[PDB]
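These notes concern the structure reproduced below.
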Amino acid sequence: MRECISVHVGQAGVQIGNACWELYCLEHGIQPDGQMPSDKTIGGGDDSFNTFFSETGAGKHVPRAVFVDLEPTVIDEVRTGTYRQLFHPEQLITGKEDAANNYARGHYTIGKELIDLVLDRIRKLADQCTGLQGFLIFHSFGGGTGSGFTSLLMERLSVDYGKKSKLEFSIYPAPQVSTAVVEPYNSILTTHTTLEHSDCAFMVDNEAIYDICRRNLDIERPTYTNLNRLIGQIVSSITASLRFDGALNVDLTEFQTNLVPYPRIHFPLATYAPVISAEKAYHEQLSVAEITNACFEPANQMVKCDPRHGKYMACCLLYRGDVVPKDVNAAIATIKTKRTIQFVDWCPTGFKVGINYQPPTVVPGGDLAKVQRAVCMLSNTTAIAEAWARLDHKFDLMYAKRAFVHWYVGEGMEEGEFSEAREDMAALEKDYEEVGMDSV
Amino acid sequence: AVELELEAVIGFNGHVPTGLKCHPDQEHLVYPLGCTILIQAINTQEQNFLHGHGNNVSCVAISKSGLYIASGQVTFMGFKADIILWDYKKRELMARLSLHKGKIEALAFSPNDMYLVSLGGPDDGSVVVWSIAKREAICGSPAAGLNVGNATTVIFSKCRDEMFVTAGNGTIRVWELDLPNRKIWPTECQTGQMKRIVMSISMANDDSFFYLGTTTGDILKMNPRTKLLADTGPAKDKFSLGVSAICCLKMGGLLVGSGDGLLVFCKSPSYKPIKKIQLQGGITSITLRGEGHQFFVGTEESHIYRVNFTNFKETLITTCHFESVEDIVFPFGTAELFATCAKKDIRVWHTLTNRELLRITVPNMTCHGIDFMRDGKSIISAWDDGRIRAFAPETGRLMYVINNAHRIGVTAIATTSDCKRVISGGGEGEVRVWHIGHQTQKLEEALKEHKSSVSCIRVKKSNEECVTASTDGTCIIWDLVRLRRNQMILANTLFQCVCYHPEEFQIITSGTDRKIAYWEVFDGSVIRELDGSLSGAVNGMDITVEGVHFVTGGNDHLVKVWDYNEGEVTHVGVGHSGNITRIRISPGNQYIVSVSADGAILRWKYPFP
Amino acid sequence: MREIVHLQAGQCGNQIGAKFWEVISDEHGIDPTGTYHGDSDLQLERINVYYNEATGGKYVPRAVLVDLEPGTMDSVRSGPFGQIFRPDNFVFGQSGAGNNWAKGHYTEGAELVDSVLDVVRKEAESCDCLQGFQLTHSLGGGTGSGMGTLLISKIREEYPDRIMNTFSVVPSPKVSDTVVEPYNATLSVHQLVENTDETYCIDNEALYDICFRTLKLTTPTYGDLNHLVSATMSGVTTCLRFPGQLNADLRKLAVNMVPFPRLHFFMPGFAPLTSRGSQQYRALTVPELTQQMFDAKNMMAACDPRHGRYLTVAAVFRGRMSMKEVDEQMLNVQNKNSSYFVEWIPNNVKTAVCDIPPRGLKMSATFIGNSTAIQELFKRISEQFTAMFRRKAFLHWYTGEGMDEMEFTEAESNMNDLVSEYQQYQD
Amino acid sequence: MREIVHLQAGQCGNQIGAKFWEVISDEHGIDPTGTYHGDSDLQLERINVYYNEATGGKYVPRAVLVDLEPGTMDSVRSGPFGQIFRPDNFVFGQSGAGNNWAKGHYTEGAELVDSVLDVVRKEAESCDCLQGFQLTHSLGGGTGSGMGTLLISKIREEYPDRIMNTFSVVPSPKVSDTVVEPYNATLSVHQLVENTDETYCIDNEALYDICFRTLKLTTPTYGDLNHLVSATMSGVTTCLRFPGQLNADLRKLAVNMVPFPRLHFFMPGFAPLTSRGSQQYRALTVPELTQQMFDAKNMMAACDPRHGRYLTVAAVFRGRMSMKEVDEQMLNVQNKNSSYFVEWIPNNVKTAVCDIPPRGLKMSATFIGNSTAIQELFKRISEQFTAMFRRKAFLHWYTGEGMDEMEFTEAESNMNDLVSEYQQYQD
Amino acid sequence: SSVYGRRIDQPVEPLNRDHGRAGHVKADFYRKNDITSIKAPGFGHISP
Ligand SMILES: Nc1nc2c(ncn2[C@@H]2O[C@H](COP(=O)(O)OP(=O)(O)OP(=O)(O)O)[C@@H](O)[C@H]2O)c(=O)[nH]1
Ligand SMILES: Nc1nc2c(ncn2[C@@H]2O[C@H](COP(=O)(O)OP(=O)(O)O)[C@@H](O)[C@H]2O)c(=O)[nH]1
Ligand SMILES: Nc1nc2c(ncn2[C@@H]2O[C@H](COP(=O)(O)OP(=O)(O)O)[C@@H](O)[C@H]2O)c(=O)[nH]1
Ligand SMILES: [Mg+2]
């Protein structure tokens, strides 16, 4: 078992981390006080916590995480919440002034006031780690520090820690619905650092998650908490083999070389298959085929980009629970023989299957009914290029009139970087349409 | 399969610390004898058996109520030991409580019975807290620091929250129990610069001070309420090999033992002897018969004593082999004498009242063989050195020794009825034939066929040939008169016992395949093949002198009554826990006696004339 | 005398070798605690060939357990027969191979190769004459493929006259469990064709059919998918630890299965495989024993023997058998089926019975064939390499640890040159 | 009737030496008080070598215990085996040798010499025919570096023909605990070359390494480090205290291992070192004691023995062993490693067997050798000297109790000549 | 934001703590400190 810290930045990132660390401590057994009710002697010591927890001696297990947000409202609610003894006060770094939905005062002006304290605190976790695999950094592409401060982290963690698998769990803004007005700007100005020192940029937009909660999970009027519980179960298959045993154990370094074909192409999707509510959970049988089929379906995806109008290039399929290998490779066979699901010619192979032995633990009060055989898919398709293209249209419209710029340039940022992020996105879109032609 | 009767038991495993105990009803003793724990009655021959356990038990822990008795066994490293609770009133398993890997060193109960501390393992030492109510675990922590070593002792107090451990590396730590958070909190006791090695704990009756017995020969008294030392031991004239047993009285006194047997009653401030009496063997257990007037002392060379406090006069009530016992043989004619034969010792015993009359010790040496000459004038012995020592029946002097008899030990031995020839086996697989003159003990022939090792010699009723079981799968009927062979009986089992059926025409063979088989003395063919015991192998047999019953015991720790003509089974067992090595029909056909891998001499009332 | 230490490497190799050290341990008779409580002395006398010795009758496996991540070391030790392996042979690392062939060979395996070679160089000098080394691995993954073949080349230089046989798990046809599997297999047999004597090729999809269409097991696990390989691995070295009428050790197979020195990729097969319901409805006599092992269904390598010639032939029979039938049936396989046998070797039979059967089954065999249907296994890894090499794919995680694009052509040249040899003789 | 006087000086010397008195009291059967309770009479037959007699048959060690502080004096006295020691042999100062070769040799160390040497005269003249003197002194620091070497010079002038063994903890380059340990070693070497017949150097770097990769201990403490040192110390004197098939006293492995007149810096090592975790999964035989000896791991003098050639090595064995396989393995290590031994000596290995082994095991051995690589243990301190002597660093302390810098230059020159003479006899 | 962790004291599932990742190679290979191998069996060395 090895370790990985999780740097949550943004109001979004720490509220995703609120649902994540609730699930994390439940899987192992850590109570909100921070203590495990059974001791390491009793149990034939189970060091499954080590990937996300660290013992102090009195049984006080510790979240290997650093909550950061530059505005003090969403971080003080976890120093006053039920999980206030679990976290460490030095881990919960906060600031005074808002980023105010502005890239410039996330990276250049306000972000420099706390870039020293976080990089010291990453060092504190990294020193006591012995097998630190990856940085699981949670943020959203459509706000302040989640667009800002995370870019200054990505540059600093690469100079300091180098090759340590800088993963990135991220929240893209949606095609139609949006909770900001300046959102196109800070969503393409920060993707410089995303196509730079970050090796696997997982993608979720808020809009697709609402549709899953309505159709499959059968709740109308969903709030932001149910949207974050889905993200927590996404990690818990990505970090399941690092914490629990399985048939095909799959490491965090395994994920990259099994999903990134080219150094520029490093943007996967995420899909949880058996995500149904309890009343329609007596109803479906849910063996193995219907959930292998589920991730491969449009109205189960977690990003508003249809894989049918695109070609797959890499797809690791991670399974948990009571999954039998013959049931997988038959389900692999039956879905590799469907015309609408297209794989590019330079991937004759197909899928990376990962089998785990731990069924997903249900959050009490959560929506998701228990499933004894679950799937968390991490795809990689050319169809993500339409998700980059819809904000490209939206950015090009409100930049040609030079709107909402005097907030940006008058905060420590040069005008030239705006045009640099413009040409940078054209290059990545040209790369994705290039990597998906069939050479013949 | 009618049970015979189990009368009388000799045996005690004194090598465990804190062994022999007397429950507060003051009428029965409790002591461990293998992977079983006995209950011998005070003033009554009545004795019962606590079954269970796989390998040899290392711990006993009886309650202040007497209602609960616990124990703990050793196992192979990597495997999990089993702490077995019991009820003294009904003697039946009520918990298995398996957490500690490796083995156990010590158990202690809570004052009023609701927790058990069972510190276990030189490989996996970690103190745990049990529940006597839920039969389930509560707390858990490493029992020693990373700078210090490992702990082998536990004790409770007069309040059920304290639990105290010492060490062979100095981990004097007074813990405190914290049920709501389910954790324990240690506190190392400062003792100055006195790092010592200590192996025994006792506390006062009013929870004042706990008392230590170190290897240096020093009684360490320390405070559990200020976590500090109070008084060191004897300044001069310190004890011997370290104090291995301490038992604090209801007074301000303490019965301190030693590794030699110097049981001393001393007071607190000087720790100077008041009344000294020397015991044989290193003192491993000092119990109290409740009030403390009759304290029973157990020793590692297993001898249970009986000392009255007001005169310090002893009475040896139990005497045992302290090591593995092999070969029981009876003198010709009479059936009231044994030959209980073990490492470091050769003993004889009176059958009716178990009481030894001669002990023959050859230093740190092992005797795999014993035999009685027909004239009753020499106890022939086969020692691990390679020397055939022949001691005298009375006194115990060495009449003669045959130096360099066999190379790798002399294992199996047998005399002849003419009292002139001693047929000798060997661990190199050699059968030697010696001549016993009045002044010389020469060699006549060296018959060498067996490759591995010889296991059992048997001689017929009027001497012309002998059978020699061997560990390589061969049993040869050597011709004794013309110094040759006669047979090449062969099988795929490591033979461990062979016997001559009276009216000699066929021999019965045993071994590892549990395929008890009659074999003929002519043409050496298979006659029957009985199935021995379904569990392990068969070490030992004896056919009666009327040829109607042959008794059987083996690794299956269990005496088995088998009649001859039909292969039916009149099985009994429920005997002793420890691998039965040899067994012998009494000459008068009145008892059957088996030895075991742990020192234990069992007698059963032989049926079937 | 004759000695085989067992170099299990990788995740797959440690799992199969765990299953392998169980089927030896209930054949020679070993408890989880390494002690003998077996039955016969016709079972111990040659326990040397796989097991070392400690005090008190404590036979210890002669296996060097190596895997770059420390996770699979935990699974072997926590397994049922995991309390037997000596705790000095466990040579693990810190960072896993990532199923990256040079992450296993040139940059983290390079600091573990000098440590695992020391342990092999201790269990090789306690041998009067060591025959050779068996290395259980998988060509699909990383440290099994990359580090594993690094051990092969180093060993072949250190001990150059010993039987280097490898029990390999070569990629499956349709089932794919790694998208990095085409490159890992290609680089491995570039180092395996020249430095190994007997490459036994075990697929996965082939065994998937055997546990369904022959054995009828609805939900089979990897343990049952390694028991068939372990039964084969016991089968090869059977006239080497137990007595036989006509004996055959590893070299006697090797001299009789490799006509031409490059050509050594073989096909395992276990004959007596009965479904549980259909077990009482089948006589256990040698005519069905020879049929089933030559049948294309019980063929644990996904290369149909009807799609090619079948150069050299094994039947390492086990049990008390009459020698006429194993000369009659093997002749009947040849003469009647005079098409799927090469005309340029007169008689292709290496029948060799043992006396001691496997536990239970009173009859057995071990099918080891050098067919030229092997090329179908190495054409498919040659068409998906070239598809992935055409437009440079996953190579930024291949050249970063330090390699060249030159070695990919040299590795792929050794592929089609190997296939051309099996196509030269296919006619 | 060949006795040894065991001197010990410094905190390190008093700690290792007290650990030595525990392992002799176990092999010779002495309880913590002092009474003989060992079983074998082969122990009481030579109780004179390291012990004396007193009233009531309480055997007392023949040791003089000296330190300039009563800090480790009270630790030895208040220990597990701390009452055996004579209560006047605890002879000590009170001031303190704050690390300085001056503060043991040219000041406060030099007033206690006239008292400790009276005890040495009293003990050496209670022997019938004393064999020699052994001293445990840390080469880096105060009492050991200084006063200990001062004691060596006085005893050598008084008793010139009796041998002088020194077990010395030379300062390691990586594990460092004092900053002036380069200064103390260079000044201590000069009075260890002309006044010592055998210098066993035992640095702390290898001792930590053996307790991590051989003993496999998570957290070694100072107690078990000296137990490895005490095992070697009770490996060279064993044929002075127990019978044997081929006996060898402390002079026989001096006449057969000191080639040239200075040439006497040796490297210790123990044969049967195993973890408790391994222990059972391993046999204890003569051809595996010799592998555990002739390596890097068990060489507690941390210095690569493959980067130099052994002049003369001996191996004193203890157990019930046969004289062929012992001599055969000593022959084999010379043939298969013919480049690791010099050629101008025909046989480089000396053999000794002592029947009675240490308590516990049934077999052990000791490995001391005159490797020419020991200059590497002496280059580093010279490098740590010249890069500390160039700018007169930390020297004003040294020239305060009376010491010219000319003594410093000649000590470095003598130690460089020590490296020279080992460098000449490479080939 | 308090909805994260209200029903935590009403568990719906007893946790199946069987398929874990309990470390055995780091805890059964490496002993703490005794050097037992060249130590006597001593007091209380009952063997199976
Ligand atoms: N997944 C997820 N995304 C959220 C959540 N809440 C907000 N977001 C997304 O985050 C974006 C804005 O949040 P942040 O980036 O964290 O804004 P911020 O860090 O507070 O910026 P400043 O207040 O200026 O410092 C919105 O556009 C949402 O799309 C949430 O609970 N879960
Ligand atoms: N037969 C068998 N195959 C296995 C087993 N475990 C994994 N595999 C196969 O090995 C391939 C991947 O090998 P991998 O585990 O990555 O090897 P690694 O490089 O050591 O990690 C997959 O295609 C699996 O089918 C097993 O226990 N038995
Ligand atoms: N192996 C070992 N080394 C020790 C011990 N005690 C001290 N040392 C070493 O001795 C060195 C310091 O010696 P020092 O106490 O200054 O010698 P002194 O001034 O003569 O008393 C340190 O570098 C330690 O590594 C011990 O118990 N065992
Ligand atoms: Mg905010």
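Residue numbering restarts at 1 in every chain; chains get A, B, ... in the order shown in the structure tokens, and ligands count up from 1 in that same order.
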
task: For chain C, list the residues within 8 Å of chain A, counting only C-alpha atoms, and write the list as a VMD selection string.
output: chain C and resid 70 to 71 94 to 96 98 to 100 174 to 182 208 219 to 222 384 387 to 388 390 to 391 393 to 397

Suppose we keep N, CA, C and O atoms; can you now write the selection as a compact mmCIF listing (two decimals), in the first residue's frame?
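Writing done, so here's again08.txt:
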# COMPACT_ATOMS: atom_id res chain seq x y z
N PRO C 70 5.31 -4.06 -3.74
CA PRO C 70 5.28 -4.97 -2.59
C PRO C 70 3.92 -5.58 -2.32
O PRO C 70 3.72 -6.24 -1.30
N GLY C 71 2.96 -5.36 -3.22
CA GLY C 71 1.61 -5.82 -3.00
C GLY C 71 1.40 -7.31 -3.21
O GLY C 71 0.65 -7.94 -2.47
N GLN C 94 10.06 -0.75 -4.65
CA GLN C 94 9.26 0.34 -4.08
C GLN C 94 8.20 0.81 -5.06
O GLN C 94 7.02 0.89 -4.71
N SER C 95 8.60 1.13 -6.28
CA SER C 95 7.68 1.62 -7.30
C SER C 95 7.42 0.52 -8.32
O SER C 95 8.36 -0.12 -8.80
N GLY C 96 6.15 0.31 -8.64
CA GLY C 96 5.79 -0.75 -9.56
C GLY C 96 6.18 -0.44 -10.99
O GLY C 96 6.48 0.70 -11.36
N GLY C 98 4.37 -0.43 -13.61
CA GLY C 98 3.39 0.32 -14.38
C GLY C 98 2.94 -0.36 -15.66
O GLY C 98 2.41 0.31 -16.54
N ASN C 99 3.12 -1.68 -15.75
CA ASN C 99 3.05 -2.44 -17.00
C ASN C 99 3.84 -1.77 -18.12
O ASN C 99 3.40 -1.74 -19.27
N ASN C 100 5.01 -1.24 -17.78
CA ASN C 100 5.86 -0.53 -18.73
C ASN C 100 7.13 -1.37 -18.79
O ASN C 100 7.82 -1.53 -17.78
N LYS C 174 -8.86 -12.22 -27.92
CA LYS C 174 -9.92 -11.23 -28.00
C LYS C 174 -9.98 -10.49 -26.67
O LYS C 174 -10.19 -9.27 -26.62
N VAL C 175 -9.76 -11.24 -25.60
CA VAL C 175 -9.69 -10.69 -24.25
C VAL C 175 -8.43 -9.86 -24.14
O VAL C 175 -7.34 -10.31 -24.51
N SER C 176 -8.56 -8.64 -23.65
CA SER C 176 -7.42 -7.75 -23.48
C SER C 176 -7.56 -7.03 -22.15
O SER C 176 -8.62 -6.46 -21.85
N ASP C 177 -6.50 -7.06 -21.34
CA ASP C 177 -6.58 -6.57 -19.98
C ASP C 177 -5.51 -5.50 -19.77
O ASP C 177 -5.23 -5.06 -18.66
N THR C 178 -4.88 -5.08 -20.88
CA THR C 178 -3.82 -4.09 -20.88
C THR C 178 -3.68 -3.53 -22.29
O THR C 178 -3.56 -4.31 -23.24
N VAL C 179 -3.68 -2.21 -22.45
CA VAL C 179 -3.61 -1.61 -23.78
C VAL C 179 -2.13 -1.43 -24.14
O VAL C 179 -1.77 -1.01 -25.24
N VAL C 180 -1.27 -1.81 -23.20
CA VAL C 180 0.18 -1.68 -23.30
C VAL C 180 0.74 -3.07 -23.62
O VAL C 180 1.93 -3.24 -23.88
N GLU C 181 -0.16 -4.05 -23.62
CA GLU C 181 0.17 -5.45 -23.90
C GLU C 181 0.84 -5.72 -25.24
O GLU C 181 1.71 -6.61 -25.29
N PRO C 182 0.48 -5.05 -26.39
CA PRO C 182 1.25 -5.30 -27.63
C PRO C 182 2.74 -5.00 -27.57
O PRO C 182 3.53 -5.74 -28.16
N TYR C 208 -10.03 -20.30 -20.84
CA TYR C 208 -11.41 -19.92 -20.59
C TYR C 208 -12.37 -20.92 -21.22
O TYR C 208 -13.44 -21.21 -20.67
N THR C 219 -18.81 -20.25 -12.87
CA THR C 219 -18.12 -19.07 -12.37
C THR C 219 -16.68 -19.43 -12.00
O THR C 219 -16.38 -19.68 -10.83
N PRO C 220 -15.76 -19.46 -12.96
CA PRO C 220 -14.37 -19.83 -12.64
C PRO C 220 -13.52 -18.66 -12.20
O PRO C 220 -13.59 -17.57 -12.78
N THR C 221 -12.69 -18.87 -11.17
CA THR C 221 -11.77 -17.85 -10.70
C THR C 221 -10.37 -18.08 -11.28
O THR C 221 -10.12 -19.08 -11.96
N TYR C 222 -9.47 -17.14 -10.99
CA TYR C 222 -8.07 -17.27 -11.41
C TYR C 222 -7.34 -18.44 -10.77
O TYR C 222 -6.35 -18.92 -11.32
N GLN C 384 -0.67 -5.77 -34.37
CA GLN C 384 -1.06 -4.70 -33.45
C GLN C 384 0.13 -3.91 -32.92
O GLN C 384 -0.06 -2.81 -32.40
N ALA C 387 0.42 -1.60 -36.12
CA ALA C 387 -0.67 -0.64 -36.09
C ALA C 387 -0.39 0.47 -35.08
O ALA C 387 -0.72 1.63 -35.31
N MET C 388 0.25 0.12 -33.97
CA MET C 388 0.49 1.08 -32.90
C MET C 388 1.83 1.78 -33.11
O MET C 388 2.04 2.89 -32.61
N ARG C 390 2.93 2.51 -36.24
CA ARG C 390 2.73 3.32 -37.44
C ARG C 390 2.58 4.79 -37.09
O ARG C 390 3.22 5.66 -37.69
N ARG C 391 1.74 5.06 -36.10
CA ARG C 391 1.64 6.38 -35.49
C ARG C 391 1.99 6.24 -34.01
O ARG C 391 1.32 5.56 -33.23
N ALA C 393 2.66 5.59 -30.57
CA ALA C 393 1.61 5.50 -29.57
C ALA C 393 2.15 4.93 -28.27
O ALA C 393 2.83 3.90 -28.27
N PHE C 394 1.85 5.62 -27.16
CA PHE C 394 2.32 5.30 -25.82
C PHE C 394 3.84 5.24 -25.71
O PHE C 394 4.37 4.60 -24.80
N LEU C 395 4.57 5.89 -26.62
CA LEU C 395 6.02 5.83 -26.58
C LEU C 395 6.63 6.91 -25.71
O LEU C 395 7.81 6.80 -25.35
N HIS C 396 5.87 7.95 -25.36
CA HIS C 396 6.36 8.96 -24.43
C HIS C 396 6.50 8.37 -23.03
O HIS C 396 7.26 8.88 -22.19
N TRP C 397 5.77 7.29 -22.75
CA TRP C 397 5.98 6.51 -21.54
C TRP C 397 6.87 5.31 -21.83
O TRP C 397 6.89 4.35 -21.05

field: Site check for ligand 2: residues at most 7 Å away, only C-alpha atoms and all ligand atoms, as a PyMOL selection string
entry: (chain A and resi 247-248) or (chain C and resi 9-12+15-16+67+97+99+138+140-145+169+171+176-178+204+222-223+225-226)

With N, CA, C and O atoms kept, could you save the residues just selected as a compact mmCIF listing (two decimals), in the first residue's frame?
# COMPACT_ATOMS: atom_id res chain seq x y z
N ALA A 247 -8.45 -8.92 -7.93
CA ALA A 247 -7.92 -9.85 -8.91
C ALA A 247 -6.84 -9.17 -9.76
O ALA A 247 -5.68 -9.57 -9.71
N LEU A 248 -7.22 -8.15 -10.52
CA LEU A 248 -6.26 -7.33 -11.25
C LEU A 248 -6.08 -6.03 -10.49
O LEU A 248 -6.81 -5.06 -10.72
N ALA C 9 8.05 -14.45 -11.27
CA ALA C 9 8.20 -13.01 -11.39
C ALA C 9 6.89 -12.39 -11.85
O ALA C 9 6.13 -13.00 -12.61
N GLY C 10 6.64 -11.17 -11.39
CA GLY C 10 5.45 -10.45 -11.78
C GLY C 10 4.25 -10.79 -10.92
O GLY C 10 4.29 -11.65 -10.04
N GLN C 11 3.15 -10.06 -11.17
CA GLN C 11 1.88 -10.35 -10.51
C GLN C 11 1.37 -11.74 -10.88
O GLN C 11 1.03 -12.54 -10.01
N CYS C 12 1.31 -12.02 -12.18
CA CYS C 12 0.78 -13.28 -12.68
C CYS C 12 1.64 -14.47 -12.27
O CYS C 12 1.12 -15.51 -11.86
N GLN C 15 1.16 -15.38 -8.66
CA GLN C 15 -0.13 -16.03 -8.43
C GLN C 15 -0.11 -17.47 -8.92
O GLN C 15 -0.63 -18.37 -8.25
N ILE C 16 0.47 -17.71 -10.10
CA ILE C 16 0.55 -19.07 -10.62
C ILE C 16 1.53 -19.90 -9.81
O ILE C 16 1.26 -21.06 -9.49
N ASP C 67 8.92 -9.21 -7.35
CA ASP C 67 7.88 -8.38 -7.95
C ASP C 67 8.17 -6.94 -7.53
O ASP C 67 8.48 -6.69 -6.36
N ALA C 97 6.19 -1.49 -11.81
CA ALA C 97 6.60 -1.38 -13.20
C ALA C 97 5.60 -0.64 -14.07
O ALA C 97 5.96 -0.27 -15.20
N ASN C 99 3.12 -1.68 -15.75
CA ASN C 99 3.05 -2.44 -17.00
C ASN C 99 3.84 -1.77 -18.12
O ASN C 99 3.40 -1.74 -19.27
N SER C 138 4.39 -13.38 -17.17
CA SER C 138 3.36 -13.05 -18.15
C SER C 138 3.97 -12.06 -19.13
O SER C 138 4.66 -11.12 -18.72
N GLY C 140 2.26 -10.10 -20.99
CA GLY C 140 1.35 -9.00 -21.19
C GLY C 140 1.69 -7.76 -20.38
O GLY C 140 1.49 -6.64 -20.84
N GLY C 141 2.21 -7.96 -19.18
CA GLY C 141 2.41 -6.90 -18.22
C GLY C 141 3.81 -6.31 -18.23
O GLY C 141 4.49 -6.28 -19.26
N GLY C 142 4.24 -5.86 -17.06
CA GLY C 142 5.48 -5.12 -16.88
C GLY C 142 6.59 -5.97 -16.31
O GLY C 142 7.35 -6.60 -17.05
N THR C 143 6.73 -5.93 -14.98
CA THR C 143 7.79 -6.61 -14.25
C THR C 143 7.82 -8.11 -14.50
O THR C 143 8.87 -8.75 -14.37
N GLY C 144 6.68 -8.70 -14.86
CA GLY C 144 6.67 -10.07 -15.34
C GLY C 144 7.39 -10.19 -16.66
O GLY C 144 8.15 -11.14 -16.88
N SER C 145 7.16 -9.24 -17.56
CA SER C 145 7.74 -9.27 -18.89
C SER C 145 9.11 -8.61 -18.91
O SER C 145 10.10 -9.23 -19.32
N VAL C 169 2.94 -16.47 -19.76
CA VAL C 169 1.55 -16.15 -20.05
C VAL C 169 1.54 -15.10 -21.15
O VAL C 169 1.61 -13.89 -20.89
N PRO C 171 0.00 -13.06 -24.55
CA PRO C 171 -1.32 -12.43 -24.75
C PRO C 171 -2.44 -13.23 -25.41
O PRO C 171 -2.23 -14.00 -26.35
N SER C 176 -8.56 -8.64 -23.65
CA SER C 176 -7.42 -7.75 -23.48
C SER C 176 -7.56 -7.03 -22.15
O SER C 176 -8.62 -6.46 -21.85
N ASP C 177 -6.50 -7.06 -21.34
CA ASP C 177 -6.58 -6.57 -19.98
C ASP C 177 -5.51 -5.50 -19.77
O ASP C 177 -5.23 -5.06 -18.66
N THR C 178 -4.88 -5.08 -20.88
CA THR C 178 -3.82 -4.09 -20.88
C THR C 178 -3.68 -3.53 -22.29
O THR C 178 -3.56 -4.31 -23.24
N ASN C 204 -4.80 -17.13 -22.15
CA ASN C 204 -5.89 -16.99 -21.20
C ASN C 204 -7.23 -17.40 -21.77
O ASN C 204 -7.98 -18.12 -21.11
N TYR C 222 -9.47 -17.14 -10.99
CA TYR C 222 -8.07 -17.27 -11.41
C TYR C 222 -7.34 -18.44 -10.77
O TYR C 222 -6.35 -18.92 -11.32
N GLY C 223 -7.80 -18.89 -9.60
CA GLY C 223 -7.22 -20.05 -8.97
C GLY C 223 -7.42 -21.31 -9.80
O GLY C 223 -6.51 -22.13 -9.93
N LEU C 225 -7.94 -21.12 -12.97
CA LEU C 225 -7.21 -20.78 -14.18
C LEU C 225 -5.70 -20.89 -14.01
O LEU C 225 -4.97 -20.76 -14.99
N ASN C 226 -5.23 -21.10 -12.79
CA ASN C 226 -3.83 -21.40 -12.53
C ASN C 226 -3.60 -22.83 -12.11
O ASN C 226 -2.46 -23.30 -12.14

Contacts of ligand 1, 6 Å or closer, only C-alpha atoms and all ligand atoms, given as a PyMOL selection string: chain A and resi 10-12+15-16+70-71+98-101+140+142-146+171+173+179-180+224+228

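Every chain B residue lying within 9 Å of chain D, based on only C-alpha atoms, is listed here: residues 77, 123, 146, 147, 148, 193, 194, 195, 196, 197, 214, 215, 216, 217, 237, 238, 239, 240, 241, 242, 363 and 364 of chain B.
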
message: One decimal, in Å: what's the spacing between atom CA of residue 142 of chain B and atom CA of residue 275 of chain D?
response: 20.5 Å

- prompt: Got a sec to pull out which chain B residues are within 12 Å of chain A, counting only C-alpha atoms, and send them as a PyMOL selection string?
  reply: chain B and resi 78-80+97-101+119-120+124-130+136-143+145+179-186
